[PDB]
S.K.: 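Take this structure first; my questions come after.
Residue numbers begin at 1 in each chain, while the letters A, B, ... track the order of the sequences.
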Amino acid sequence: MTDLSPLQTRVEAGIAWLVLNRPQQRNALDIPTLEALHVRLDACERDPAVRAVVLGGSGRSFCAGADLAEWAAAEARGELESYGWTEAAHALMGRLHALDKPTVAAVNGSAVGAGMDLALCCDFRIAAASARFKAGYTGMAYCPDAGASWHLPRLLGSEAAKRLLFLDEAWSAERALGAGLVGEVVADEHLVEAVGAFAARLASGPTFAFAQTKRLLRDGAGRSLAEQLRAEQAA
Amino acid sequence: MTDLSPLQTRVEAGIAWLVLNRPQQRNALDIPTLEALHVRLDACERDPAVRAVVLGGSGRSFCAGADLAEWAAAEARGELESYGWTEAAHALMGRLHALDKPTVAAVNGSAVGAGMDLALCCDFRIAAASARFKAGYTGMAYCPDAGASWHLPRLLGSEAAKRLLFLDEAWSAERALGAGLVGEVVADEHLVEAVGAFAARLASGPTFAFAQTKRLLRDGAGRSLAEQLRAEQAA
Amino acid sequence: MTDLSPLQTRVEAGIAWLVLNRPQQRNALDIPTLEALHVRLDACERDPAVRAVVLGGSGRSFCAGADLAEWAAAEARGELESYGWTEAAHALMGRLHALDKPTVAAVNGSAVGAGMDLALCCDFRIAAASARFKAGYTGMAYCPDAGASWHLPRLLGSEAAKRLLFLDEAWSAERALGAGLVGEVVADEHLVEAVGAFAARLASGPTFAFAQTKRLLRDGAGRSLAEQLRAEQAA
């Protein structure tokens, strides 16, 4: 039972569960949701209790993307230029992607556009069989492709990323699993149990070493092997 | 029935078909072919009618690579230094790879060396079952490895790319499909039909959004996620 | 029968076999082993006889990683700061990774930490079915992650590399094969025979062209396609 918080947060045994909680809107991303998760993520980094972070959706869908109704209100009347959704989303994507704790995305349902980009910023992705994935061209709209064009080619290769972006069809959890979009697929009934077990052994490990390792993985993409070895001879 | 054009071009329903047309030479690449496709590609970018581009071969083979006979004539007598094949090929590879329209390579037959590099510059690759792929060491010769050494590790991973380049064996369409070299494999009888259907739904989508997305995919490979998000807050 | 050399070296038919030879320590890496392989590798580059290089382990294991006993002696008494193991290892990893000859890693047994990093610096990896792979968190210790954080995401993708580093479980030869960690898996009884046959056809090819190609593959990762083509119009 929710208390109208935009983001339901619970911390159990070193695992911080951050669940999007607008199930009626399929957990559509709006500025209140963006900012709330953005501030709660900063609290998780500083908190010594949390050693792993889970990002999940409520109800049938993980996240349907940007809230078109909120965008409509700014567009239809008043300040469309003062609407700061893109600024709030890009700050959130950057922080989650570089978070110093191990992060897991529990794709309980469909992830679309910015909703899929939110899962791609996590280190791991476990998806339910019902989960469906949409990006770029939807058939009726075109999602923001900033983070998709950065994440998708790195996880899927260039061609596979262009099939998902340019074609309007959604990908199933099986197809996402086979293409490398998600790392693991479980039945929807066992998803919360599967994520908890996976996040538990992540939480049992040395969080400090994971933080340094996660920074080396990210920094290593832009430097040669010799540079990477030089950089690790320092701290 | 051909009209001696080095490149047979037809535009149907927003799809520009560019077919190499030297079937006797297995569509070997020479300066006339390089330049013709090079100029026709520039016309496709500017043309609002074309919304997808197909690159195919004639007869049994997609492209056997550089025309050794043309190179022999320049080598055997006269100006081997004035031979500008490498300059014409590198200009073509760069333009095709960065083309602002969705590009599909219909690998109707074997692609060797620069012929394979021509297909790698396309966004998508659909191959017939008869198609065979050769790169680097052939057993009797060594193909230009400039574009291969750039494309192959990005599509196949380092080791798989080195197996194809250092070993003289050709890869089948099945092996190319499994390694990520091509995205789809169909029977040779259904190849033209399969490419047309795939290029049709690409042509039905928003071409303008694909152009911006294709530029973001390419630019995103050289910058971090935070930089990519900064860059997309501008146009 | 060994002669107490830290590294057993034999050169047959253009193939230089470099076998770690401390089977009692599971071929644990210490400064004498690091330096010996480091100097022998430099001899292989200069030697025109060797056209392919094989790196193997002795006995049951390929390499168990850094020698903890040697580190203990420096730590327990005397000069832990003067201990130059990291410096010797990083010089070895850099040279092997950029070696001008084709290199093959014969993973005869388990490779752990720096031992796995040694195989990742080779161009090819053929593993026995008994081979097991450990990286990062072991359950009781945490291996150096400098080269792992550089190699593993490039071979396995980000998520798969983080599963191997953050989870303490080892990967089997089958799982390593399926994830792209090794290129080929054979029975332990046929490993030496399989590596010899693979290294033989590598040794039969044009070694000079492989050297230029191997440099282009490595340099191409940091530049665009247009830059790569500009660079190959020169030597």
S.K.: So which residues of residues 95-123 of chain B are in contact with chain C at a heavy-atom cut-off of under 4.5 Å?
M.R.: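 Heavy-atom contacts from residues 95-123 of chain B to chain C are B/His97, B/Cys121.
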S.K.: For chain C, which residues from residues 211-235 of chain B lie under 4.5 Å away (heavy-atom distances)?
M.R.: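 Not one residue of residues 211-235 of chain B has a heavy atom under 4.5 Å from chain C.
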S.K.: For B/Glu45, look at atom CD and say whether over 12 heavy atoms of other residues, nucleotides or ligands are found less than 6.0 Å away.
M.R.: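 Counting other residues, nucleotides and ligands, CD of B/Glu45 exceeds 12 neighbours.
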S.K.: Is the shortest heavy-atom distance from the side chain of C/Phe198 to the side chain of B/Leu167 under 4.5 Å?
M.R.: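 With C-beta onward as the side chain, the pair touches.
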S.K.: Taking side chain as everything from C-beta outward and backbone as N, CA, C, O, which of these in B/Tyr142 sits under 4.5 Å from a heavy atom of chain C? Side chain, backbone, both or neither.
M.R.: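 For B/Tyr142, side-chain heavy atoms alone lie under 4.5 Å from chain C.
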S.K.: In residues 149-160 of chain B, which residues are in contact with chain C at a heavy-atom separation under 4.5 Å?
M.R.: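 Checking residues 149-160 of chain B against chain C gives B/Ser149, B/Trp150, B/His151, B/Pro153, B/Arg154, B/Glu159.
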S.K.: Which atom pair, heavy atoms only, marks the closest approach of C/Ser204 to B/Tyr137?
M.R.: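 Heavy atoms only, the tightest pair is O-OH, 4.3 Å.
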S.K.: Within a radius of less than 6.0 Å around CZ of C/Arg10, do more than 12 heavy atoms belonging to other residues, nucleotides or ligands occur?
M.R.: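 Result for CZ/C/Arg10: enclosed.
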S.K.: Report all side-chain donor-acceptor pairs from residues 63-76 of chain B shorter than 3.5 Å, counting only partners two or more places apart or in another chain.
M.R.:
from	atom 1	to	atom 2	distance (Å)
B/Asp67	OD1	B/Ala69	N	3.2
B/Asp67	OD1	B/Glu70	N	2.5
B/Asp67	OD2	B/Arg22	NH2	2.7
B/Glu70	OE2	B/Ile31	N	3.1
B/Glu70	OE2	B/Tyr83	OH	2.7

S.K.: Counting heavy atoms not belonging to B/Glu87, are there more than 12 under 6.0 Å from its CD?
M.R.: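 Atom CD in B/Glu87 is crowded, with more than 12 foreign heavy atoms closer than 6.0 Å.
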